[PDB]
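Comments concern the structure below.
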Amino acid sequence: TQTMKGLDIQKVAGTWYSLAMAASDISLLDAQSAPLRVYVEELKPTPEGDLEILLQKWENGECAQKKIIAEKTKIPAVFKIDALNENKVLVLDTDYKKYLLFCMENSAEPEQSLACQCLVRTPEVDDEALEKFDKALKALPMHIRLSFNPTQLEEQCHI
């Protein structure tokens, strides 16, 4: 468990770039159409305190815009993106203004499906953020890690 203490979810509002992403299984992130290959654009939290995510996911030969609600929980750094409320999104760490680390995990067999990202505010490769991402990662059963250059970060689906 790495989790962000004293997370003001309101301060994560706005634009983010999926600088890097890692997952427990290669097949979760290997191809463009892989199921956890998602690209965050914006985080819109509701006054309720729930969290709306605009993302892109490569879909029917097309980068597709998607909108998703992660529902809040008693834990402020932990949300539930609705399936059977099966998938938890945990915010591991953020400074609000440069980086944010999160992971998503399957409830049923956790290590079987776990993906995490290093989000940044700008399309620049932040060495500190990626350092922080790689040390949050040391402790986890990761088998695929991807990262993106500034050009790719300004393109839909990091293409």
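Every chain in the structure tokens has a letter given in the order shown (A, B, ...), and although residue numbers restart at 1 in each chain, ligands are simply numbered from 1 in the order shown.
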
* Surrounding residues of range 73-83 of chain A excluding itself and chain neighbours under 4 positions, 12 Å, only C-alpha atoms, as a PyMOL selection string -> chain A and resi 1-10+12+45+48-53+67-69+87-94+100-108

* Just list the residues in chain A DSSP gives helix (DSSP H, G or I) on the backbone, as a PyMOL selection string. => chain A and resi 9-12+26-28+127-138+150-153+156-158

* **Distance query range 119-122 of chain A at most 8 Å, only C-alpha atoms, self and fewer than 2 positions along chain excluded, as a list in words** =>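 Skipping anything fewer than 2 positions along the chain leaves residues 15, 16, 17, 18, 19, 20, 40, 97, 98, 99, 100, 101, 117, 124, 126 and 129 of chain A.
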
* Asked: Neighbours of residue 39 in chain A within 9 Å (only C-alpha atoms; same-chain residues fewer than 2 positions away dropped), as a count of residues only?
  -> 11

* Asked: From the list A:151, A:145, A:118, A:159, which residue is nearest residue 30 in chain A when using only C-alpha atoms?
  ->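 Selected residue with least distance to residue 30 in chain A: A:145.
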
* Asked: Suppose you want the space between CA of residue 21 in chain A and CA of residue 147 in chain A; what is it in Å?
  ->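 According to the coordinates, CA of residue 21 in chain A and CA of residue 147 in chain A are separated by 6.5 Å.
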
* To do: Write out as number ranges by chain all residues of range 5-149 of chain A that backbone DSSP assigns to strand (DSSP E or B).
  => A: 14-15, 17-23, 38-45, 51-58, 63-72, 78-81, 87-94, 99-106, 114-120, 144-147
